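Engineer: Experimental structure below, sequence on top.
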Amino acid sequence: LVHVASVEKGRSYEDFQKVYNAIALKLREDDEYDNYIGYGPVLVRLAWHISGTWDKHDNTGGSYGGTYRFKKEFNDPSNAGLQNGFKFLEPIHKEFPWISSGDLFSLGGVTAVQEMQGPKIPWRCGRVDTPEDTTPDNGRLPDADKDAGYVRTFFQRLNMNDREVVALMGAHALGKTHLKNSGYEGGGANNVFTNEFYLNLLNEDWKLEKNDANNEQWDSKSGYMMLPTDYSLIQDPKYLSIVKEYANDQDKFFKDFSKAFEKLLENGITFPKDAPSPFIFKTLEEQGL
Ligand code: HEM
Ligand SMILES: c1ccc2[nH]cnc2c1
Ligand SMILES: c1ccc2[nH]cnc2c1
């Protein structure tokens with residue numbers, strides 16, 4: 001199974017920076033969502049869930065086909081809550097109807113990371129909408145109630161190694177869990193991209209508690225929480241070494257996240273040799289907007 005990137009007809013960097021800017025301006029304006037967290041974190045999660053269905057063995061799933069727009073994937077219980085990100089993007093797709101769904105969903109993730117003062121994430125266009133029958137079945141996204149061996153094995157399906165997994169998990173510095181979506185009771189929340197996830201893991205006094213959905217989670221007296229899969233990163237000796245490295249080096253964490261997140265968004269896609277180079281979008285702040 002081969003998915004060849006094909007540039008939206010006649011489009012170039014300027015066209016995509018316009019779409020970036022429309023998303024970024026809406027993120028600034030619609031600031032009330034989720035108790036003033038805004039839509040940044042849910043857009044990062046949406047970009048990851050549309051990519052995280054990929055299977056390296058047969059090249060099914062992944063971001064290329066934009067299949068989240070179809071009922072089966074949209075209603076995956078693992079995707080509960082992402083409807084809010086879809087609704088946010090809807091008026092943008094109406095304004096720029098030439099952009100493919102996979103491009104728009106992945107670009108939403110890149111825009112959110114950058115606009116939340118994260119690293120620059122190079123991004124390539126040319127995902128092509130594929131038909132309803134290409135939608136992957138539910139159950140390809142990970143459970144949260146598991147241990148380090150589960151996390152490591154799960155991510156091998158996405159061709160991610162230990163360092164890539166630890167860097168990607170740093171996105172759990174953003175946003176929060178919601179009992180009604182996932183069965184985990186959210187704690188203190190944030191909408192600025194930092195390496196704080198690793199500092200919190202190492203520095204807080206975590207207590208294993210049961211929440212109102214009868215699931216276990218790790219809570220601290222400061223009011224933060226960790227999923228069992230988050231806490232597994234300090235139970236496994238290989239993961240723990242990398243957690244310490246990112247807690248102590250913000251720049252390294254930014255650089256490794258950027259590479260791993262770009263790879264996640266590109267898995268399954270063949271780029272022709274004459275495809276354009278990846279784009280690096282300017283933030284609103286860099287444009288004086
Ligand atoms: C073992 C892998 C992972 C598990 C089990 C997991 C699980 C979860 C769960 C249960 C939530 C709460 C959803 C809700 O109740 O609304 C969540 C939130 C989130 N996850 Fe993950 N996650 C994983 C990996 C990742 C990765 C790789 C990223 C991005 C690179 C990511 C980004 C996020 C973000 C941004 C949120 C916040 C969403 C919001 O505030 O609405 N996660 N995760
Ligand atoms: C966001 C919202 C609606 C869409 N329909 C097709 N692609 C979309 C992206
Ligand atoms: C999702 C969102 C925020 C989090 N903080 C700690 N773990 C999390 C998972």
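Structural biologist: It's in. Numbers count the residues shown, from 1 in each chain. Ligands and ions are numbered 1, 2, ... in the order given.
Engineer: what's the nearest residue to residue 158 if we skip its chain neighbours?
Structural biologist: Among residues not flanking residue 158 along the chain, residue 54 sits closest, at 5.8 Å (CB to CB, 6 or more residues apart in numbering). For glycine as for every other residue, the C-beta is placed from the backbone atoms N, C-alpha and C.
Engineer: Tell me the spacing between the one you found and ligand 1.
Structural biologist: 12 Å (CB to the nearest ligand atom, to the nearest Å).
Engineer: from memory that residue sits against residue 62, does it?
Structural biologist: Yes: in this structure residue 54 lies within contact range of residue 62 using CB atoms under 8 Å: 3.5 Å.
Engineer: Name the residue of the stretch 51-200 of the chain with the shortest distance to ligand 3.
Structural biologist: residue 172 (3.8 Å; CB to the nearest ligand atom).
Engineer: show me the residues around the nearest residue to that residue once chain neighbours are set aside that make contact.
Structural biologist: Sequence neighbours aside, residue 197 is the residue nearest to residue 172 in space, at 5.1 Å (criterion: CB to CB, 6+ apart). Residues near residue 197 by CB atoms under 8 Å, 6 or more residues apart in numbering: 169, 170, 171, 172, 173, 230.
Engineer: which strands and helices sit next to the helix or strand encompassing the last one?
Structural biologist: What it means is residue 230. Assigned by DSSP states H and E, residue 230 belongs to helix 228-231. Under the contact definition 3 or more CB pairs under 8 Å, 6 or more residues apart in numbering; DSSP states H and E, helix 228-231 sits against helix 196-203, strand 216-219.
Engineer: chain center to it: distance?
Structural biologist: Using CA atoms, centre = their mean, to the nearest Å, the distance from the centre of helix 228-231 to the centre of the chain it belongs to is 17 Å.
Engineer: How about stretch 110-130?
Structural biologist: 10 Å.
Engineer: Same question for stretch 212-232.
Structural biologist: Worked out by CA atoms, centre = their mean, stretch 212-232 lies 20 Å from the chain centre.
Engineer: try stretch 173-189
Structural biologist: 15 Å.
Engineer: first to last residue in it, what's the distance?
Structural biologist: Terminal residues of stretch 173-189 are spaced 8 Å apart (CA to CA, to the nearest Å).
Engineer: Show me what that stretch is in contact with.
Structural biologist: 34-35, 37, 40-42, 44-45, 80-81, 116, 144, 190-191, 193-197, 211-215, 217, 219-220, 222-225, 227.
Engineer: Kindly report the same for stretch 35-43.
Structural biologist: Contacts for stretch 35-43 (CB under 8 Å, 6+ apart): 23, 26-27, 30-34, 81-82, 84-85, 88-89, 108-109, 111-113, 115-116, 174-176, 189-191.
Engineer: Now intersect those with the helices, please.
Structural biologist: Secondary structure from DSSP state H places 23, 26-27, 33-34, 84-85, 88-89, 108-109, 111-113, 115 of those in helices.
Engineer: Are any of those residues buried, and if so which?
Structural biologist: 23, 26-27, 34, 85, 88-89, 108-109, 111-113, 115 (16 or more other CB atoms under 10 Å).
Engineer: just curious, which of these is nearest to residue 206?
Structural biologist: Residue 206 lies nearest to residue 34 out of these, by CB to CB, at 24.1 Å.
Engineer: ok, that closest one - contacts?
Structural biologist: 41, 42, 175, 176, 189.
Engineer: I'd like to know which of the residues you listed is nearest to residue 73.
Structural biologist: residue 42 (16.3 Å).
Engineer: Make sure residue 257 is indeed in a strand.
Structural biologist: No: secondary structure of residue 257 (DSSP: H, G, I helix; E, B strand; the rest coil): helix, not part of a strand.
Engineer: Nearest residue to it in space, please, no chain neighbours.
Structural biologist: Going by CB to CB, 6+ apart, residue 257 has residue 167 as its nearest residue, at 4.7 Å.
Engineer: Only alpha carbons, please: show the helix or strand hosting the one you found as CSV.
Structural biologist: Following DSSP H and E, the helix or strand that holds residue 167 is helix 162-169. The C-alpha trace of helix 162-169 is given here as CSV (Å, rounded to 0.1, in the frame of the first residue of the first chain):
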residue,chain,number,x,y,z
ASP,A,162,12.4,5.0,23.4
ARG,A,163,13.7,8.6,22.9
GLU,A,164,10.9,9.4,20.4
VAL,A,165,8.2,8.0,22.8
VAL,A,166,9.5,10.0,25.8
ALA,A,167,9.8,13.2,23.7
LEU,A,168,6.3,12.8,22.3
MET,A,169,4.8,12.2,25.8
